[PDB]
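Comments concern the structure below.
Just so you know, these numbers use all the heavy atoms, side chains as well, and skip hydrogens, waters and symmetry mates. Atoms within a ligand are numbered from 1 in the order they appear, just like the ligands themselves. Residue numbers count from 1 along this sequence.
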Amino acid sequence: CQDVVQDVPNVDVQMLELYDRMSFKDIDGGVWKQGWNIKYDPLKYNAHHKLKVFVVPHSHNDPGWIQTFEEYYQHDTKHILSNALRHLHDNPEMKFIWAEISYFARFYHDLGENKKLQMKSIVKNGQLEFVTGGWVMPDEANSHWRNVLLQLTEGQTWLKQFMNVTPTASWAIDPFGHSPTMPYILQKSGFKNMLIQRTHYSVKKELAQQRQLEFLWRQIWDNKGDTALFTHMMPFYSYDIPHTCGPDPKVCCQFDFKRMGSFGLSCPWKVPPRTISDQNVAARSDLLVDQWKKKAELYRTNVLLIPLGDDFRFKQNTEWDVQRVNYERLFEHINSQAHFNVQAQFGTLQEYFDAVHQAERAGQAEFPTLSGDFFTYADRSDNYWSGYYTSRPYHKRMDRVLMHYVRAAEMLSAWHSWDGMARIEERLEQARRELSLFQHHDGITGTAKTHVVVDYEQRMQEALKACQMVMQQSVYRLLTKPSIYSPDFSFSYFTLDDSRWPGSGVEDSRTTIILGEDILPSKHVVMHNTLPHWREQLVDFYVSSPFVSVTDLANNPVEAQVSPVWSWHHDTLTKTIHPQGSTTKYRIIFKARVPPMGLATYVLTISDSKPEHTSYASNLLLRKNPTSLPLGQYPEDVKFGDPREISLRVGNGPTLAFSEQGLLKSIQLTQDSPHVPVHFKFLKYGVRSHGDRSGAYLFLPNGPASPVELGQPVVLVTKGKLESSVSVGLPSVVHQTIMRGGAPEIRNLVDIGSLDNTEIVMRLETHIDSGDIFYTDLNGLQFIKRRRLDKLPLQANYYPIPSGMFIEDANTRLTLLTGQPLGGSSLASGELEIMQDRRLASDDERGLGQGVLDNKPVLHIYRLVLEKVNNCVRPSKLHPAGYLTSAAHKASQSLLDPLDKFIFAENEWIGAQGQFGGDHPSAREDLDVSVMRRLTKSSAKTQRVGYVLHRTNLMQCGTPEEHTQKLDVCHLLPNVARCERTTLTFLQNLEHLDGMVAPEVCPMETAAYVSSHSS
Ligand SMILES: O=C1N[C@H](CN[C@@H](CO)c2ccccc2)[C@@H](O)[C@H]1O
Ligand SMILES: *[C@@H]1O[C@H](CO)[C@@H](O)[C@H](O)[C@H]1NC(C)=O
Ligand SMILES: [Zn+2]
């Protein structure tokens, strides 16, 4: 295994180093506004050395943006694909590439068999070529790597089944900045080449000057280079025709033959296209070849890529004709005039890359190596696209919830083969496809129109219901005596109970367990643990009595805590935000212990008085002017006081001190250690009153943030043996700090209400001497070193925070883990900040045509980990990566993959069993079974189960921490007959494994295995 910590890779281009050196000046480059006037030597190409030009027709089809998926399908995409089939069929030299398989699958299934056969033939013969082959072209900033893999798999599995092809070239022309998670996944999925476009204009200029726009992109920790993937970065401002023929858009627009008038389009540079004729083809070809030769100066081989397309292009038959016929005339002229020394033709993306690598092999070019990322993107001036790291945060959080429910549903149902009448495969396919769709670069990004956001949300709600159905059917089967099991595949044996989605204050969605002497004495509940190690976690349920005790299913008592059910109210009469307690429902909390990838059953029983093993939290309401707070049968009376500082400690865990406004001020890790200053603060950013306005994409603040004016907020302190918390009703945020004995959990119920032109940020202020350095993650996969650059504006120093961020000095680290992707930064030494929501009246001129005024309450969740790191073995000062500690990684897992909770729906569960998975191996803490998916339906004689295994890398800090068992996924199901290593999509076998044993993977590696079973 390669060492991912101690060896700094030697690469030609390291993006953090590049950023430190670059000046980012925005000077007028001439017709290439962000470049320079490109010069070429006419004598470079000659009879013995021609320029080979591939013109690649394409159509960018957004799966929702200004219209919904289905609206675009009906109005645009079905016509594009129908006319592509016809025109490619009838014109054998024409070519076309296709990226978004969600649309292609929608189309193909509606085709008659004769047309399906015609479509298969133009794919098999190379005229129609799939590029990437994902369900979508995903966002790269907010997306979790697990969902990037999910959607890639969904599309490529479809393509293999129906088109008998698996793309090896990727096309990503529109995500708003680019992540190295993409080459990581793609290279482990059979890919050989990828293309990107939206990178900062200053990066394009710098790389173009050095001819470093084609590079071998490796991961930041990869010393050897085995992760490298050949990458082409496009050089200009857009993927549209004006910005793809060459550096002068006024010239290139004249070669977009859809712009002459009849189609409703024109050229903003005020020179229209003109139809190619024998009388103008020489002058037109002079202009076009000169653009091509200039573009070619930015690259190292004699093979040139010329994309030809734009959004929802190639719709009408007349458009196919006008582009094809005019380019054919140009090619006929150019290719017959030796003085140009050009051979130009329609091509596909794979054809381009094949010819590039033939030139490389012939010794014509050597390519540089590169590591790093391409955030934060700016397309022009100071217009940095950091807004969409936060826009529509409700749906960003929903993404992470659905991520986990898909994994849990696929895992729980994989243990068995299911009859078709159970509808398991059907529900899982629907769930995977709706989540996959949302990875689109107008879905999770929060950059679609209001009604499109609603469509995504409705789809994801259906997907959540599908997952719940599959999960509860699976639990019933896994925990019922087999000779008793009598399923009704339409019935709800269990309901899921989720304490954090949609969340307290967002939706009253949770069912109360109703117990009583005259109705029902007890109730079974079941917890699932999708992680491959034993896990303890506190779990809570709502119950109709405070007099409830917990037992395991050997009838052993389990210690429990009961707390009130508190609801925060924005009281329009008193003009205060204050909590009310229920007088009929209560929370019971207890520690569940659950096997690896397993299930554990508990029983909740009512009694007439306080049970022996159940304790009751105290409650203290700090406010001037209190009024009473009755709690029904709850046995401890609420106490009141004036606002004051408070301190709390649960178990042997840290001691946390809070201001009189209910906000953390210090953390003391152990009883004799310092009270380390750690202060939470809420602030607001505004919008500029002159110049460019923030919108769904762009963050254009009117200066540094200003503190929210808190007044004298109401603070609720709940103190229990198992769980304590401090909650405060601030303007726009009910902020909660929850303590269970380790790092606290932070929950913010964020309701930005009618605050127009406001962005609410949560900041942490510490005295950690972090200087200008901080760390953020990429797609939940890796942590990258960031350096704050005062030569760039504030918004340029914002980065995606898809799952966590940290700052550190020689001795101390503060890590904030998230349950949702949000934007954030460290704008000063010792600070961390993360945006909660943004409400923006204006459009930001990127095509959306609306502001962001559809905010709704969202429950954001976090873990806050303060640690001593002086004993940790860290990377050297020049290494571009960082790594979590064990405690921070487990805290992240606690947010993203919590225990699942199931409440038995009927009065008696006949045949109930106490546990599943007690014999599953408990794997080392850095290893995860990211995916477990049965790949065959029940009719297959040989069943196949796929696993994706990911090993992270955790710092060595002196904890001896060992004894675990080896996890061999190929023996998790009985009767194994073969074990194979596969690509991550499961679509290609890479190695037949001796002994049918799946080895574990190295740190920072991800592997896939498929086990086959004879029985
Ligand atoms: O958010 C998005 N931005 C892209 C914008 N495409 C460009 C045309 O190349 C466009 C800009 C403005 C209006 C319409 C279209 C869209 O593809 C969508 O994904
Ligand atoms: C699938 O494609 C391969 C060629 O890449 C071929 O060997 C096999 O026959 C194909 N099956 C078909 C044609 O459906
Ligand atoms: Zn797009």
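- Only the side chain of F176 comes within contact range of ligand 1, with a heavy atom under 4.0 Å; no backbone atom does.
- Here the OG1 atom belonging to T132 is positioned 8.0 Å from the CE atom belonging to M194, to the nearest 0.5 angstrom.
- Taking the six-membered ring for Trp and thresholds of 30 and 60 degrees, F176 and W385 have ring planes inclined between 30 and 60 degrees apart.
- Counting only heavy atoms of the protein, atom 11 (C) of ligand 1 lies nearest to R846 O, 4.1 Å.
- Numbered from 1 in the order shown, with element, the atoms of ligand 1 that lie under 4.0 Å from a heavy atom of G847 read 12 (C), 13 (C).
- Looking only at heavy atoms of the protein, atom 1 (O) of ligand 1 is closest to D442 OD1, 2.6 Å.
- Atoms of ligand 1 found under 4.0 Å from any heavy atom of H441, numbered from 1 in the order shown, are 19 (O).
- For atom 4 (C) of ligand 1, the nearest non-hydrogen atom from the set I241, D174, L848, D62 comes from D174.
- Using a 4.5 Å heavy-atom threshold, the side chains of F314 and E319 count as touching.
- Residues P701 and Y685 approach most closely at CB-CD2, 3.8 Å, considering heavy atoms.
- Judged by the 6.0 Å distance and 45° axis criteria, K205 is not positioned over the aromatic ring of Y201.
- Using a heavy-atom distance under 4.0 Å as the criterion, the protein contacts of ligand 2 are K124, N164.
- Residue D310 touches ligand 1 through its side chain alone, judged by heavy-atom distances below 4.0 Å.
- For ligand 1, none of its N or O atoms has an N or O atom of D240 under 3.5 Å away.
- Side-chain atoms of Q197 and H243 include no donor-acceptor pair closer than 3.5 Å.
- With hydrogens and angles left out, the side-chain atoms of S179 and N779 include a donor and acceptor closer than 3.5 Å.
- The closest side-chain donor-acceptor pair between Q850 and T450 falls under 3.5 angstrom.
- Shown in contact with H60 at under 4.0 Å from a heavy atom are these atoms of ligand 1, numbered in order with element: 17 (O).
- Residues satisfying the salt bridge (charged side-chain N to carboxylate O under 4.0 Å, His left out) test with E70, not counting sequence neighbours, are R106.
- At a cut-off of 3.5 Å, with distance as the only test, no side-chain donor of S102 or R433 sits close to an acceptor on the other residue.
- Of all protein N, O or S atoms, those under 2.8 Å from the Zn ion (ligand 3) number 4.
- What sits closest to atom 15 (C) of ligand 1 on the protein, heavy atoms only, is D311 OD2, 3.4 Å.
- Considering backbone and side-chain N/O of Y697, one or more are found under 3.5 Å from N/O of ligand 1.
- Proximity of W98 to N61: side-chain heavy atoms (C-beta onward) are separated by under 4.5 Å at one or more points.
- Counting only residues at least two apart or on different chains, the ring-ring contact (aromatic ring centres under 6.0 Å, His included) pairs with a member in residues 147-166 are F104-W158, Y108-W158, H109-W158, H109-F162, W158-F162.
- Judged by distance alone, the side chain of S82 and the main-chain N or O of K78 form no donor-acceptor pair under 3.5 Å.
- The residues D442 and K449 are annotated as not salt-bridged, no charged nitrogen and carboxylate oxygen being separated by less than 4.0 angstrom.
- Note that CD of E845 and OH of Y697 are 12.5 Å apart. Values are rounded to the nearest 0.5 Å.
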